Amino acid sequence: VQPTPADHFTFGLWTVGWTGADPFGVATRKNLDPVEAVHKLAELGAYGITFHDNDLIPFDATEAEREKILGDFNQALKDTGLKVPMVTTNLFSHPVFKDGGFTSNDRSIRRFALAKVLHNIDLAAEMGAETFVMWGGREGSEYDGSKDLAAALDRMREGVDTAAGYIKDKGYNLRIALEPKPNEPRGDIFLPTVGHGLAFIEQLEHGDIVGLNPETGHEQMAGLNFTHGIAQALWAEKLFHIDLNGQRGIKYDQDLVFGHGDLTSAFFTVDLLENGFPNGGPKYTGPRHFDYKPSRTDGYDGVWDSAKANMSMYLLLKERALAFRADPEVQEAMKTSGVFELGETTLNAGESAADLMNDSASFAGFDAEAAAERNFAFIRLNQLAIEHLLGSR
């Protein structure tokens, strides 16, 4: 332990503010005031806080109410020093968004949702946020005949490109990040994985300022490898923000503390974020944001314990991942396994497709049966990682 603001640990107001209402029961904790959240998070070592528009401003609030609320919010920020690196919009709670915001079958709900996003971009800019996150939780269906699937993507593009053009038009220093989720609350959510979100961005007019906001638990709900998924976002220059938490299996979104889900996977996620790639390449330098929910069985001391635990987990794994990579036994194990060898291009500088085909050395006279004998020693290399993770080495 000991997180400091330099670690860039950010928390959403809704994480610690999560009161416990689930599908089978009512809240188990008292509402948390947002000024209280800020003082408490700053006491713990956080660098910043994120929020959804309705986390701070009730759906109902009048302009006078809005201003009362923002002034205390801003004072708190001032008194503590926390930044506001990311802002997001609630397009899922109110009954109006029951069929989605941007891809609602109703045109007038679509306009209302886009209106709400546009206004929220103005608050984002005013707050000093660098990222605007979009989670399309109600965009999807339970039944396959509910939507025209091409029209749904057209409507998604229209929303995102209007938002994007508005940033560009106003000159805000903001990027858009899409947050994928496979299901829940909808049976099928559109752009369900990091893959679908990356692909979708390439069809946009204003894709240059649109990237992703992957969430550990969300890719694990489709049973995918989260390190692989973030690696491809990174590789594409699209890992703009990240949500860290835990998920044990393919079930409802659990949003456990980071490291309380798939531990081995969390260790390799930390190694990619902190250390980057073994042969060198891109590095993710944004905030380490925790999108989790404090277990409903626990009271407020559990809330603050859980906020701490997210930061401890990440620093404990960071430590073990630094020792792991620095270990000369591991570096040699890596070399034997061909980790560095993957880094060499397949073709020689200047060789063409017809030049290699025609190279007798790599095809006609290649000894495939000899080449197959190679002991990659991937088990041994996995054993060294686990032993570094167990604090054994």
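Quick note: we count residues from 1 along the sequence shown, nothing fancier.
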Quiz item: According to the deposited model, is the average Cα temperature factor higher in 375 to 383 or in 14 to 22?
Solution: 14 to 22
Practice problem: Going by the average Cα B-factor in the PDB entry, point out whether 209 to 217 or 69 to 77 comes out higher. | Solution: 69 to 77
Exercise. Just grab whichever of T28, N358, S337, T50 has the top CA B-factor as deposited.
Key: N358
Quiz item: If you rank the chain by CA B-factor, which third does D305 end up in: lowest, middle or highest?
Solution: highest
Quiz item: Lowest, middle or highest third: where is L118 by Cα B-factor in its chain?
Solution: middle
Quiz prompt | Chain-relative CA temperature factor third for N275 | solution = middle
Exercise. Name the third of the chain's ranked CA B-factors that contains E158, choosing lowest, middle or highest.
Key: middle
Quiz item: Relative to the other modelled residues in the chain, which third contains the C-alpha temperature factor of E202: lowest, middle or highest?
Solution: middle
